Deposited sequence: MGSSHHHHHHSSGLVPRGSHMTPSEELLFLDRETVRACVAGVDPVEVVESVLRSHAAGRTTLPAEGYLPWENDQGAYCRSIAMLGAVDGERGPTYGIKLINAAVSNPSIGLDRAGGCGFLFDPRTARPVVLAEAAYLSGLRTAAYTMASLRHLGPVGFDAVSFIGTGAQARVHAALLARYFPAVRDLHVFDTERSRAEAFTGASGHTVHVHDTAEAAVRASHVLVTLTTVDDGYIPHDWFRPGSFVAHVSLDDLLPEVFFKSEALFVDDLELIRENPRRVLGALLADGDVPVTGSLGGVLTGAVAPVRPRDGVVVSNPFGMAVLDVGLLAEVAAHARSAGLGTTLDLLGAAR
């Protein structure tokens, strides 16, 4: 017999709520730092749809020789730039886990939600080890899906956070944002949002940089999720600069940090992985801004899908698909 455990988005939600996604991110980062992950070359299939818009499929294979035991899988994310014009999320797709003995795909999960959850989980990990201690306010620029999942994980992992300071170039999206026990303060300008707290998360789809060093308080932190908001000078004047994977960043020079690396020396303190193993000393904000620039590692999604499937099995959630069908 040949069976798939199919986990829909709502099942994956319920599994995430029942595990510690931040603990999982920390465990995979420590495995990655010790050379116990395999990240092969990605499958990339670009094309142009009937509209004339950029479409792609990205196939991201991943293995984690983890503390618990070995995990193997794939993250398949497809995107069309024209999707939001017709009322769809830009990206969608699916993840599989493989049986370590047979190599068979045994788990199939909707992946777009889990992808956003992983990004948010990494932010919480970064804040725990590199952020100010006891911060009670977080600032967002961009207030869509990614802001909602960030707010949810703030309630789980940072209960001192009572106030969210938000700005969105789409005013109506900002005024609709509620959070997850949070009071929301709408700001008229990005600057006013940044100045209102010690912790910024950028969640835009911007190509052009606009955030200077001067906006940040002494003793500040920025999670650079959207990757093109910060001006070159923020990186060079940073009290510290932490990445997820320096090679991933160098391989994507279309994002500002990758571009700066190509121009010469950039003061990268180290990786979040290296902090967690004790390879690099942690630097928390004191006199300046600490910058976190993660590109996003597929091994984290594979690791999170492994923990989600383990919870799904133990609580008997999901639906088993017969691949043969007699």
Query raised in the report: Which bits of the deposited sequence have no atoms placed for their C-alpha?
Result: 1-23, 204, 351-352
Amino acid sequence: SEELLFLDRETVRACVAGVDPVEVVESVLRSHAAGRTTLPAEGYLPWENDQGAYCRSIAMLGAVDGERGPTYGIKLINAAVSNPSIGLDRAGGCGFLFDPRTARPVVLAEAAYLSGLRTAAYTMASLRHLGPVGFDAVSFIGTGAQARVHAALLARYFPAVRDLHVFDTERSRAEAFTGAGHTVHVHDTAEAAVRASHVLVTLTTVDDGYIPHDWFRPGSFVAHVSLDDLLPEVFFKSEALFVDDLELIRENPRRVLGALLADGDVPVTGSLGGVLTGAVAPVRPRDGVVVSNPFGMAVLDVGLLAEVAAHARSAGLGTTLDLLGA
From here on, numbers count along this sequence of modelled residues.
Query raised in the report: Do the C-alpha atoms of 99-107 or of 250-258 have the higher average B factor in the entry?
Result: 99-107
Query - Residue stretch of maximal mean CA temperature factor, 45-53 vs 276-284 - result: 45-53
Report task. Among the candidates 72, 242, 140, 210, give the one with the maximum CA B-factor reported in the record. Result -> 72
Query raised in the report: Checking the entry, which one of 233, 228, 191, 170 has the top C-alpha B factor?
Result: 170
Requested in this report: Select lowest, middle or highest to describe the third in which the CA B-factor of residue 28 falls within its chain in this entry.
Outcome: middle
Report summary line: Here the Cα B-factor of residue 144, set against its chain, lands in the third termed middle
Query - Within-chain third of residue 85 by Cα B-factor, per the entry - result: highest
Query raised in the report: In terms of the chain's CA B-factor thirds, is residue 303 lowest, middle or highest?
Result: middle
Requested in this report: Place residue 63 in the lowest, middle or highest third of its chain's C-alpha B-factors, as listed in the PDB entry.
Outcome: highest
